[PDB]
Amino acid sequence: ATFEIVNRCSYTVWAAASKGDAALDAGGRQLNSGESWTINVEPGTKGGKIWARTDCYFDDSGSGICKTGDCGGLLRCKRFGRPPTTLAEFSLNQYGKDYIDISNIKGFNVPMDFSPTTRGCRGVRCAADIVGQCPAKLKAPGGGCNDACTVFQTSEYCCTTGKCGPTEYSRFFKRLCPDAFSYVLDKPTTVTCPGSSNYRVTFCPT
């Protein structure tokens, strides 16, 4: 499948694409404001994620640090990034269907639209000013708005027992972005698309 990743933010972001144990395509790239990066994702990819990283510094060899979403200090991400990260999540060609969603379960750093570029389903968006409205205890110094599990490490926020409810913190994310997962057991906002659809991820869509 083809993903076009577009930075509509006024600031540079470092896109990242990983399935947790391996890079997707190159795994990461600098996107200046307005730049587009087209990647190819193998059919059948299960549990892929795309996110933006902010305020990165990398050397010649592609090693460095980002203030949000850092994936072990590499430009080319092989593993998932450090919260807070707004997440575009997808599983492709799962019994004939693609499944896509946006998640705030690992916090929020950059607003995001995740839409098909082919027919047969709708896109999802989380474009509210979550960082500006972020509750004081969830604000990340590097920027962004952490989820409550990352901050407090309790069974309830992390849903470690498989039973957990919404919380004051999850309801904040849900109020600003109803179409994104706000906690592990949230009523799913997953979109079902035809198998082998193509997609565009737009940072700062508005």
# chains A, B, ... in the order shown; residues from 1 in each chain; ligands from 1
>>> closest_atom_pairs(of="stretch 111-154 of chain A", to="stretch 2-18 of chain A", cutoff="9 Å", atoms="only C-alpha atoms", output="CSV")
residue,atom,partner,partner_atom,distance
A:111,CA,A:9,CA,8.8
A:116,CA,A:3,CA,8.9
A:117,CA,A:3,CA,8.7
>>> residues_around(residues="residue A:142", least_positions_apart="5", cutoff="10 Å", atoms="only C-alpha atoms", output="list in words")
residues 54, 55, 66, 67, 68, 84 and 109 of chain A
>>> write_last_selection(atoms="C-alpha atoms", output="mmCIF file, in the first residue's frame")
data_model
loop_
_atom_site.group_PDB
_atom_site.id
_atom_site.type_symbol
_atom_site.label_atom_id
_atom_site.label_comp_id
_atom_site.auth_asym_id
_atom_site.auth_seq_id
_atom_site.Cartn_x
_atom_site.Cartn_y
_atom_site.Cartn_z
ATOM 1 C CA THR A 54 9.309 17.391 16.939
ATOM 2 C CA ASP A 55 12.503 19.311 17.723
ATOM 3 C CA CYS A 66 13.821 14.401 19.485
ATOM 4 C CA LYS A 67 11.722 16.133 22.123
ATOM 5 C CA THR A 68 8.621 14.115 21.198
ATOM 6 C CA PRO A 84 3.663 11.969 23.676
ATOM 7 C CA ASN A 109 2.003 16.023 20.051
#
>>> select_by_dssp(residues="stretch 3-136 of chain A", states="strand (DSSP E)", output="number ranges by chain")
A: 3-7, 13-18, 23-31, 36-40, 48-58, 64-68, 87-94, 97-103, 112-116, 124-126
>>> residues_around(residues="residue A:59", least_positions_apart="5", cutoff="10 Å", atoms="only C-alpha atoms", output="PyMOL selection string")
chain A and resi 64-65+74-75
>>> closest_atom_pairs(of="stretch 138-178 of chain A", to="stretch 96-106 of chain A", cutoff="7 Å", atoms="only C-alpha atoms", output="CSV")
residue,atom,partner,partner_atom,distance
A:146,CA,A:106,CA,6.8
A:147,CA,A:106,CA,5.5
A:173,CA,A:104,CA,7.0
>>> write_last_selection(atoms="N, CA and C atoms", output="mmCIF file, in the first residue's frame")
data_model
loop_
_atom_site.group_PDB
_atom_site.id
_atom_site.type_symbol
_atom_site.label_atom_id
_atom_site.label_comp_id
_atom_site.auth_asym_id
_atom_site.auth_seq_id
_atom_site.Cartn_x
_atom_site.Cartn_y
_atom_site.Cartn_z
ATOM 1 N N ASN A 146 0.930 14.444 27.481
ATOM 2 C CA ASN A 146 1.091 13.029 27.783
ATOM 3 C C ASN A 146 -0.259 12.400 28.086
ATOM 4 N N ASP A 147 -0.365 11.101 27.829
ATOM 5 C CA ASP A 147 -1.476 10.340 28.380
ATOM 6 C C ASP A 147 -1.230 10.051 29.859
ATOM 7 N N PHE A 173 -9.037 14.014 26.449
ATOM 8 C CA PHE A 173 -8.669 13.719 25.068
ATOM 9 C C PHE A 173 -9.907 13.447 24.227
#
>>> closest_residue(among="A:167, A:160, A:197, A:86", to="residue A:115", atoms="only C-alpha atoms")
A:197
